[PDB]
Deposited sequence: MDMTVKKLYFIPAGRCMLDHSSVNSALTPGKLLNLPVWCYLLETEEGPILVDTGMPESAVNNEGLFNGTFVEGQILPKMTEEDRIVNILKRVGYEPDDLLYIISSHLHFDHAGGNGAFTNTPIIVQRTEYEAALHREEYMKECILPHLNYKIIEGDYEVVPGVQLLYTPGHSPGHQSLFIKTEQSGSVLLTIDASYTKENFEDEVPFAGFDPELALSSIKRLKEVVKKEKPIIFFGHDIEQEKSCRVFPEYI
């Protein structure tokens, strides 16, 4: 039997202000949304695993897209609070390399950073990628498609929102099956109702959602969305875990 993840921690990593048309492509632009930024910490048998690394420190007190980030929201300060130094981490998982998911990746210079090849290669070329998110000499562990990280921790390839976006399917000891969509769906309605949202390839984003729905049919997991203001406040967050 595969081990489950001992603890899954949801960690607030600051916020990001966007036009409301980013959670619903049909909306008349002109209203602001203040979205939560997340990272996740997985305690496993072989060691702690961090999923995403917050915003780049150039966003600290430095707000189309307006980062709302304090010093406390820097990944190493998050790491201090959880009780680890970067080198304690078994793996870093980058769901993708957008600035609000990979901006702290430079803090981890020894830990393998799991990233999809299509994401990594896009970040080497596409304009939307900040250098903080694609530093050249980190220990990248480049994968393609679905991948088991450690027993209990699986990566589901869900491109569309970005060229190589990936989501997480986790089994925890306390909660059983958990799906973290990350940016494969910002909100429940992006997923449930297939309300269109911001992305590199919306058509591919839809098929990724359709694939996740096949997984949900079979596994019936609890699902946590990437930037969901409605779901946010009833999540148990660090120091609590699920």
As a test: can you identify every run of the deposited sequence that has no C-alpha position in this structure, in order?
64-73
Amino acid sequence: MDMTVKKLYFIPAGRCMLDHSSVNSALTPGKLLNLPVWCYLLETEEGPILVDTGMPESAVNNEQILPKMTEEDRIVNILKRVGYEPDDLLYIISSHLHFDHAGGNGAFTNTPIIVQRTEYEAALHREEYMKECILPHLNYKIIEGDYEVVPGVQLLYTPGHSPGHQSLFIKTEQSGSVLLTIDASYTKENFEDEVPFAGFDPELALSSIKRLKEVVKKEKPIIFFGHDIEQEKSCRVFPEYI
From here on, numbers count along this sequence of modelled residues.
Assert higher mean C-alpha B factor (185-193 or 36-44, deposited values) equals 185-193
Do the CA atoms of 27-35 or those of 204-212 have the higher mean B-factor in the entry?
27-35
Among the chain's modelled residues, which third holds the C-alpha B-factor of residue 177?
middle
Lowest, middle or highest third - CA B-factor, residue 67
highest
Entry-reported Cα temperature factor of residue 56, expressed as the chain third it lands in
middle
Sorting the chain's modelled residues by C-alpha B-factor and splitting them into thirds places residue 18 in the highest
Ranking the modelled residues of this chain by C-alpha B-factor as given in the entry, is residue 86 in the lowest, middle or highest third?
middle
